[PDB]
Amino acid sequence: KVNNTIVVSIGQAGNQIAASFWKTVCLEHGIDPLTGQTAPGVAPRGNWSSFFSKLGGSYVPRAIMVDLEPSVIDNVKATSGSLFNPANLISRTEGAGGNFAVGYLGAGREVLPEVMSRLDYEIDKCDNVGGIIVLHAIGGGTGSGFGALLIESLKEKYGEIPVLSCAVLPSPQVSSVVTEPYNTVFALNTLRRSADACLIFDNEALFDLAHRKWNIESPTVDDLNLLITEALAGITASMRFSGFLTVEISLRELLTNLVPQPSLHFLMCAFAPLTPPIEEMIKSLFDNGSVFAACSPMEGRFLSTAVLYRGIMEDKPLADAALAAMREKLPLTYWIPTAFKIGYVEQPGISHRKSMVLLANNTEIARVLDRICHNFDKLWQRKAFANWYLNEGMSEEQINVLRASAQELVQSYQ
Amino acid sequence: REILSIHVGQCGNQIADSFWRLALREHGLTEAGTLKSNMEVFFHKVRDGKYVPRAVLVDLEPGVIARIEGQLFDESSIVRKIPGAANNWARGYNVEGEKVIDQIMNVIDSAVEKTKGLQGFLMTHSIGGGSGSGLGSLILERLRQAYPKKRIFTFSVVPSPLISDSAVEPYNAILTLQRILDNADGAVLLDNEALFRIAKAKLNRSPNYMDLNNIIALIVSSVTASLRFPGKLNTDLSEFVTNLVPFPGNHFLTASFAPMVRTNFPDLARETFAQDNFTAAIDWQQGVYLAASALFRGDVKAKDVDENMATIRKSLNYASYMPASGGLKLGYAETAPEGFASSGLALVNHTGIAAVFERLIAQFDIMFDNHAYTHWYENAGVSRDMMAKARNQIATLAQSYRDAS
Ligand SMILES: Nc1nc2c(ncn2[C@@H]2O[C@H](COP(=O)(O)CP(=O)(O)OP(=O)(O)O)[C@@H](O)[C@H]2O)c(=O)[nH]1
Ligand SMILES: Nc1nc2c(ncn2[C@@H]2O[C@H](COP(=O)(O)CP(=O)(O)OP(=O)(O)O)[C@@H](O)[C@H]2O)c(=O)[nH]1
């Protein structure tokens, strides 16, 4: 048995990214995603019990889906079939609608007991949970509100359990919700208080990564979540594959290696190669635009990077030397000289026979949140859209506390 | 004349894998233990064909032990513990170490209670991990305090200088090397990039950890070669402690194996004690040898071994307190590993291995002053004061090496 990880998805981006994530993970294992049952005559490739469960049986994902509107859960069920347990799927009617307070003080309180009963059921089937991946978009309403409530309730009940968040930020090219700054900061406070780690995506970066560097004139959001999915598959392959040359990295292991300080737990991600299905691949992993966040991390400062190679390894001394040489011309924190976790996995992805994933801790990510905070400086300098936040249950002083906590995070990074 | 081998961590378990892969057919058995020179020092008598290597493969987040069992060990003595190793020394010491130490020492004292007579322990691990580091340190603590008359030897892989595989590995390394000091009377340190370059020189294509651990396995095999292959000029682990440890706490060794084969003996001996053939990247130019053990085996000739003094009076640089013709622990064994008609091992107590130590010190000298990863220890039960005193002990040890030049 291997250390476990449950991936709870909240909000529309979280649920669709979860659909794509378990799709690609299942087809990595050789399991049909649209059915949830293993392929006859083929064993699951790697440590399935880290993210799955043999429910009698079927290799069902250990995923919990909550969303306050039926549309996303129904669409995920249509695109995934019987992959997820219907007991794991909880839906409401009115939605949160870009309002964090609905997910925090409102329908969030109503939907919390059922979600936590299901989470207790799932964790009681876990051998040793060493991480909870919260797939959500903190720009959205349901995602922010119930992610905040859910991580707060986890750290109130549990707290020996690492929590890795995977939050989709509002894009700097365009906002999808105008209350994205409110929701992002409101969930970000609880992420810093409760979540032990947070992985950050951004749609514009994935768009430019899948437009010219995937040879698609105009990708859909499906390609967005597929790129995010390749990132997550590479990240969790450390928690998913074990063997001789490969090193097994628990989510608590990845946490202890990637999170130096308790408030320093926000991570960027990148993928190589950037080609449609070696040194040029090394630099492709570490280009200025290879990260999955609309920012330039190479003027930032890598705190610690988990570089997870996966595939055939025909140049192990040569690739280690290439990584060491590449480290010389990268911005690393002096106070973490051992800022590289060179994780290896023998099994590659399905799209590529040879891939790597960068999972780094960088100060640059804070300035990313800073621009969202800058957007927060627009919605609260004039007291806009906050009437429903106050009416749904929250308070203005509480919101000032939340914004001060976000600023405390950004100043903790720099 | 009995060895209990302790294998904690993934690196230590792969070292053990390769170690028995070559040790079994070094005594003419397959990897699964089937018969195809007292070899009972490593192996317990279980079945006439199955001579079981009684070595505990205890490791948090087992993972690799499954591929180890796929080569048959004693399944009762080993455990695939509930995962959660991380890379935290305290997590292998007191968080999940305290819930496995009772079982593992019950296994260990059950294994040594059925021993006619024991000489010591040879533990293979990596100081840079979290399981093999913290669990290994706890095992050392409760094994020295249980058998103070026995001689623990640690075959520890020190993290590489060029690149790292863990982001908290110097913390683990220092706080495990302190326990190795306080709990063992012998230690052979291994450095990975030296193994990569040795395997590059030996082979013609790109190596991996299996080749490196094959080299490490040859090292460990030749360490006890004179003990399990009794020829002339025998060597014992008590003899290793007596004549390789000039000071009570200075017992860290660097090892070279040769060749890397019907080679001429002068070439074999001069390339055995080669500055670039040792398996730990230590300081040779400023460093000096304290105590070199030359264990030659196979088709070795006594005059050939004793007449190769050119490499000692020319290349080997000794400390001022050792005689010019001295500094040699010579050993002859009738059997060498296959593919080698005659082979050699150099086990050196050397000043330059402190350089190894100090690089970890250098990392610790930049992390502790910045509160880098210490909360992972503090929330796990290991405070900053004990880390500081462990580094103080390690720095004192490195200064002892620098003063022993
Ligand atoms: N990579 C992906 N990003 C997505 C996807 N769907 C949405 N998003 C991104 O999420 C962001 C909007 O967050 P959502 O509204 O989807 C989260 P939520 O359902 O909780 O909002 P409410 O319904 O208002 O409560 C926006 O930037 C989108 O570009 C997706 O399938 N993949
Ligand atoms: N020279 C060698 N190095 C190895 C070998 N196996 C692993 N290693 C390296 O040793 C270093 C740390 O060793 P490990 O992390 O495997 C020790 P441990 O299993 O206890 O760590 P955790 O299980 O994560 O707690 C790292 O660089 C590994 O890549 C090996 O056969 N030879």
Side-chain angles (χ1 to χ4, degrees), chain A residues 10-17 19-20 67-69 71-72 95-100 102-103 136-147 168-171 174-177 179-180 183 201-204 206 220-229 244-245 247-250 253 256-257 292 342-344, chain B residues 8-15 17-18 59-64 83-89 91-92 125-136 157-160 163-166 169 172-173 190-196 208-217 279:
Chain A
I10 316 172
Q12 184 177 2
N15 290 306
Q16 301 170 155
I17 281 158
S20 68
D67 197 21
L68 295 157
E69 64 266 16
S71 62
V72 193
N99 182 210
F100 169 90
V102 170
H136 58 303
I138 55 186
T142 298
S144 296
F146 203 66
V168 192
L169 287 191
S171 307
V174 68
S175 83
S176 295
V177 180
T179 44
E180 271 169 345
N183 304 2
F201 322 113
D202 200 349
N203 291 127
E204 178 185 17
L206 307 154
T220 64
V221 294
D222 274 317
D223 299 329
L224 282 171
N225 320 309
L226 270 188
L227 202 52
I228 282 182
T229 295
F244 265 116
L245 272 298
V247 298
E248 52 193 313
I249 310 164
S250 183
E253 199 158 329
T256 309
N257 283 282
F292 293 8
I342 301 299
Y344 176 74
Chain B
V8 296
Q10 180 217 26
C11 176
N13 279 275
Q14 296 165 359
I15 285 178
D17 183 83
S18 66
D59 180 31
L60 288 76
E61 65 182 1
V64 190
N87 295 116
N88 193 359
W89 183 100
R91 194 158 313 278
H125 56 255
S126 181
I127 57 180
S131 172
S133 179
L135 185 60
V157 162
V158 190
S160 305
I163 198 62
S164 61
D165 294 301
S166 180
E169 69 183 7
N172 297 115
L190 279 298
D191 185 69
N192 272 319
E193 66 182 1
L195 298 153
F196 290 109
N208 54 84
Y209 286 164
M210 295 298 102
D211 291 331
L212 311 189
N213 289 329
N214 278 347
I215 294 172
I216 295 178
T279 59

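All ligand and atom numbering here is 1-based and tracks the order in the structure. Below, chain A is the first sequence line, B the second, and so on; all start at residue 1. In what follows, every heavy atom counts, from backbone to side chain, and hydrogens, waters and symmetry copies are set aside.
Using a 4.0 Å cutoff on heavy atoms, A:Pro170 does not count as a contact of ligand 1. Put simply, no part of B:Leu190 is less than 4.0 Å from ligand 2, judged by heavy atoms. Put simply, part of A:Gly98 is less than 4.0 Å from ligand 1, judged by heavy atoms.
In the candidate list A:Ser176, A:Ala137, A:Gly145, A:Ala137 is nearest to atom 13 (O) of ligand 1, counting heavy atoms. By heavy-atom distance, the residue among A:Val174, A:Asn203, A:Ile10 lying nearest atom 28 (C) of ligand 1 is A:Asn203. Selection from A:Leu227, A:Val221, A:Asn225 by nearest heavy atom to atom 30 (C) of ligand 1 gives A:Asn225. Of the candidates B:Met210, B:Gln10, B:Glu193, B:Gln10 brings a heavy atom nearest to atom 18 (P) of ligand 2. Heavy-atom proximity to atom 22 (P) of ligand 2, evaluated over B:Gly9, B:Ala86, B:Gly128, is greatest for B:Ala86. For atom 3 (N) of ligand 2, the candidate residues are B:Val157, B:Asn192, A:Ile342; the nearest heavy-atom contact is made by B:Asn192.
Listed by number with element, the atoms of ligand 1 under 4.0 angstrom from any heavy atom of A:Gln16 are 5 (C), 6 (N), 30 (C), 31 (O). Ligand 1 places these atoms under 4.0 Å from at least one heavy atom of A:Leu224: 1 (N). Near B:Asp165, with a cut-off below 4.0 Å to any heavy atom, the atoms of ligand 2 are 26 (C), 27 (O), 28 (C), 29 (O). Close approach of ligand 1 to A:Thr142 is summarised as follows: ligand atoms under 4.0 Å from at least one heavy atom of the residue are 20 (O), 21 (O), 22 (P), 25 (O). Less than 4.0 angstrom separates some heavy atom of B:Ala85 from each of these atoms of ligand 2: 23 (O), 25 (O). Residue contact check: B:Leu195 has heavy atoms under 4.0 Å from atoms 1 (N) of ligand 2. For ligand 1 and A:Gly97, the ligand atoms under 4.0 Å from any heavy atom of the residue are 22 (P), 24 (O), 25 (O). In summary, the atoms of ligand 2 found under 4.0 Å from a heavy atom of B:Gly130, numbered by their order in the structure, are 20 (O), 21 (O), 22 (P), 25 (O). In the vicinity of A:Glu253, heavy-atom distances shorter than 4.0 Å reach the ligand 2 atoms 24 (O). Below 4.0 Å from some heavy atom of B:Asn213 lie the following atoms of ligand 2, by number and element: 2 (C), 5 (C), 30 (C), 31 (O), 32 (N). Near A:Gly11, meaning under 4.0 Å from any of its heavy atoms, are these atoms of ligand 1: 18 (P), 19 (O), 20 (O). Of all atoms in ligand 2, numbered sequentially from 1 with element shown, those under 4.0 Å from a heavy atom of B:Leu212 are 1 (N). In the vicinity of A:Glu69, heavy-atom distances shorter than 4.0 Å reach the ligand 1 atoms 19 (O), 23 (O).
Between A:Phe100 and A:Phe146, the closest side-chain pair of non-hydrogen atoms is not below 4.5 Å. Looking at heavy atoms from C-beta onward, B:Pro159 lies out of side-chain contact with B:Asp165 at the 4.5 angstrom threshold.
Contact annotation for B:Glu169 and ligand 2: no heavy atom of the residue comes within less than 4.0 Å of the ligand. Here B:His125 has no heavy atoms under 4.0 Å from ligand 2, in either its backbone or its side chain.
For the pairing with B:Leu212, the side chain to side chain contact (heavy atoms under 4.5 Å, CB included) check across B:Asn192, B:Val157, B:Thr279 returns one residue only, B:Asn192.
Checking side-chain atoms of A:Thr142 against main-chain N and O of A:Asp67 turns up no donor-acceptor pair under 3.5 Å. In terms of modelled atom types and a separation under 3.5 Å, the side chain of B:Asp17 and the main chain of B:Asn13 share no donor-acceptor contact. Here the side chain of B:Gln14 pairs a donor or acceptor atom with the backbone of A:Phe244 at under 3.5 angstrom. Judged purely by atom type and a 3.5 angstrom limit, A:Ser144 has no side-chain atom pairing as donor or acceptor with the backbone of A:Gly141.
Side-chain contact, A:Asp222 with A:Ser20: no donor N or O sits under 3.5 Å from an acceptor N or O.
For ligand 1, the polar-atom distance check finds no N/O of A:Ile228 at less than 3.5 Å from any of the ligand's N/O atoms. Taking any N or O of B:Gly132, backbone or side chain, at least one lies under 3.5 Å from an N or O belonging to ligand 2. By the 3.5 Å distance cut-off applied to N or O atoms, B:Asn87 is counted among the residues near ligand 2. In terms of polar-atom proximity, defined here as any N/O pair under 3.5 Å, B:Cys11 does make such a contact with ligand 2. Distances between N or O atoms of A:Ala13 and those of ligand 1 include at least one value under 3.5 Å. At least one N/O-N/O distance between A:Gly141 and ligand 1 falls below 3.5 Å.
Distance from atom 15 (O) of ligand 1 to its nearest protein heavy atom, with residue and atom name: A:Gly140 CA, 4.0 Å. Nearest protein heavy-atom neighbour of atom 19 (O) of ligand 1: A:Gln12 N, 2.7 Å. Closest to atom 20 (O) of ligand 1 among all protein heavy atoms lies A:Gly143 N, 2.6 Å.
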Give the intermediate values and the outcome of side chain to side chain donor-acceptor pair (under 3.5 Å) for residues B:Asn87 and A:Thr256. CA-CA 7 Å; B:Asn87 295 116; A:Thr256 309; over 6 Å; no
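Nearest heavy atoms, B:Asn172 versus B:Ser133: O-OG, 2.9 Å.
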